[PDB]
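So this one's two forms of a single chain, laid out as structure tokens and tagged structure 1 and structure 2.
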Structure 1
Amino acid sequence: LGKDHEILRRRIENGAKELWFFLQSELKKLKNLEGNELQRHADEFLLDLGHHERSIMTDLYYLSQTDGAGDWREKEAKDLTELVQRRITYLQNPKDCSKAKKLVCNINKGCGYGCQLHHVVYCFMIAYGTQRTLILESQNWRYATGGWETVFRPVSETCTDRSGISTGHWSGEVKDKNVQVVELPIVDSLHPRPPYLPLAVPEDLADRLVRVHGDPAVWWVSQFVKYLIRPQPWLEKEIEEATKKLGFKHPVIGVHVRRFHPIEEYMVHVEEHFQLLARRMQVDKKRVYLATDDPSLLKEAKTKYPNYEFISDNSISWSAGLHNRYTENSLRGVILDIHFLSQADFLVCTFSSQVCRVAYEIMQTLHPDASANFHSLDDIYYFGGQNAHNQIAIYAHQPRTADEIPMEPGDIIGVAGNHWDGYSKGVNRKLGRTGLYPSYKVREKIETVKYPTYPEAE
């Protein structure tokens, strides 16, 4: 046992105990107050509770790093991603492309870039589960009519055509067993649905992922996002150029405001996380990378928060003007916004937005475990077309109001979202009742699927 590990564990334990002592005393005094004197004491109470709670979270962070734990998690998370990327590269590059089993995906889904990119991810994951090389068709792509390879590297180096003896639309893995080239439609009306969909994770990787990562579902999704967005050299140059031009530097918190939530809703979580980071590092300046579709928000945020340095992409052209002809005008902004949001140390946004979801997923590829480096103002993490997200009640709950649902340990709860107020909303599937329940009284139900493991990739 590590000495620092035990010191930190006891201070976390005693810190939470002193917090319980503090809460009982101040709440007792709070009961004998009225009116304006009650307002001040409650506000001072909350300010004192914030620093106390952040000291517990700080010791918890030190605990996750102490006695070689941080180095092991970086090493283990690096081996897991290198294993998956090697499996994907092996699948994507068969020796003879003319006799390879293939799955065809068309990027031209009737939606925006964030939704279109998630379409190819859902394509890629199903291709991975069916042992089919992913062939991406992207002619007349709305963001770059030259195709996908105009911006990113091709999804394969040896097999990029759709030649084969037989071709058919998706109708089932067993039914399409002897169909060489299977065309996959959008997830909206896919039938039959294979098991190779979020939020399940590969059964052969589940034990190692749960040990290393707080949300293995996003990590699995992120491995296909990571492979897809391997940039062409010109784009890699542009990204490095924008980093120098914009002065993107750490520490920095990414904020994505899609437009309704005022800027103050986003900033109260930015200010709170900067106070947390200040407990364990020097914060030279509070930096926020602002990505928004509201052009009047940048000047609103700068004047409302004069002690914050706001970094944002306002360019009307690529660094090299030659690239303006091959990419649609709005592709530059979304690629840069998603990049810098994914590079940030913390992400404040709304997970109902595809753009923040993509940035959150890429963030998981840049750190051993960045599952908690976010705060969404509405939805929890999800993937379009995922199977049902279920939780398991660990502690009993008896409803206080009619809006709450009862829970017994072992009950399967289908969560709709987290209200970030101590309660979550969902359906108790054992009863068919939908309502609120304490968020701490449930745990996540991690699903697994028997994927191919591709032993030849070694």
Structure 2
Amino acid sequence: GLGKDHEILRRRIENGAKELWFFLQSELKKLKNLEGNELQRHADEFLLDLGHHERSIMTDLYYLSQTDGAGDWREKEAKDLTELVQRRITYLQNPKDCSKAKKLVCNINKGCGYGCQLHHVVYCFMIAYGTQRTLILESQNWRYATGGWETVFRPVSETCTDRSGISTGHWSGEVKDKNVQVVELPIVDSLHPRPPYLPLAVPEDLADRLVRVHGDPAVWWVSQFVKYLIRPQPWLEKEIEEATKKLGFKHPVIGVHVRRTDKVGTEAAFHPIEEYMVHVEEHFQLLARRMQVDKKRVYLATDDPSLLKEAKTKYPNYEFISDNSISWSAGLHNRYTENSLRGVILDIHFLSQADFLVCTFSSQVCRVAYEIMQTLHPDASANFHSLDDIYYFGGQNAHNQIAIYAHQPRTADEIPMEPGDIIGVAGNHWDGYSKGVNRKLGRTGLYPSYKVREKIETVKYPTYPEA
């Protein structure tokens, strides 16, 4: 049986889109009869009117996802799936006889920062899960804390943290290492041979439930291992608890990560605070349609300690929540200390706890916070805006989309598409167009983002029925 509110909202979304289309044709015809001041004046009003109209449509779509008991079901199903995966990971990590268990050894000391190192451990963990090997994490001489993983986080196992085994060797494939008890896994950047237990694929035994519950099952699958990893030590839980109080961290709140310093060189670009705040302002307007928002709170995480004073001045109607001492210690000089390790764990924690995350996905810091966020809600796939890259996991397999609508290129920078063409996406320009390659042609260029759908990849993982 269909719900009454479900049908009212569906038809209102249809009529709102139709009316928006009536509005677009009428106003665009008027616009091309203008030039100079009048053209700029009316197009600005046109854009303002369109914004509210578009957000009313987005608000009805939000209500549609909650009506008819769908919100409670999606919450229950996401909770059941999380507990299913966590129990499997815990069973894998705690065999009865550690001296006889197949193992995978991971070294945390990758030459990069915390988020990059955390994603290395995640990649180790997912391959360990894929091969039914207990993850052994070797973290001594960790650049952030010489005492290792247990300085901040609980150990990845309770019964089996020892590397003992009758045979040991470097990774050389799941079939060749079939009878090697202890396999050491290197970093993903030069792994050969690559096993299938890599992003962005998900387990096929969970895929049907995931696509039904979650808008990007790839990130959800990655987040399950992030969730298991960052179980905090008791002293760290209390720091997080204390910081939440002293920071005045309450909802609604939008998280903003401004990555600079050594990233601006080659891995990303410099972005003014205005580029972040336009999306912060836009999302608070959306929230104000469904809830009361008296104070617009922004948790600002950044490695530029001069940004907080700048943001408070240029956006005085916002309440910025930030730890400027953490920002200062994030500088390349004082970056690899236990106090700085606490700082980045705290910054990522509050970013992940926000109701919306504005940042650059080229930074591993924001990707981690976006992954953790997936463990805090039934489906937080779209609660982000990245100023550059789409979501990715470094070392992932080819991220492919499928063309659903044909495209004939208007300029030379666009690529043709036929329905069914596999499209290897490179990025979303957030202007209606995405850049990628057509795997029937080899051509790279732009194409309308709405003319493709995400190709969900699946992999036959072990299901751990004993758990």
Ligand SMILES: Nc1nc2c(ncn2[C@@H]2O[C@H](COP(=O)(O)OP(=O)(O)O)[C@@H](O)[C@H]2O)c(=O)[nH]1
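Between two forms, the rigid core is defined as the largest C-alpha subset superposing within 1.5 Å. Numbering runs along the sequence of structure 1, starting at 1.
It is structure 1 that shows the chain in the form deposited without guanosine-5'-diphosphate. Once the two forms are fitted on their rigid core, between structures 1 and 2 the CA displacement reaches 2 Å or more only for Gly321 among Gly247, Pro306, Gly321, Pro192. Relative displacement of the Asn373 Cα between structures 1 and 2 on rigid core alignment is 0.1 Å.
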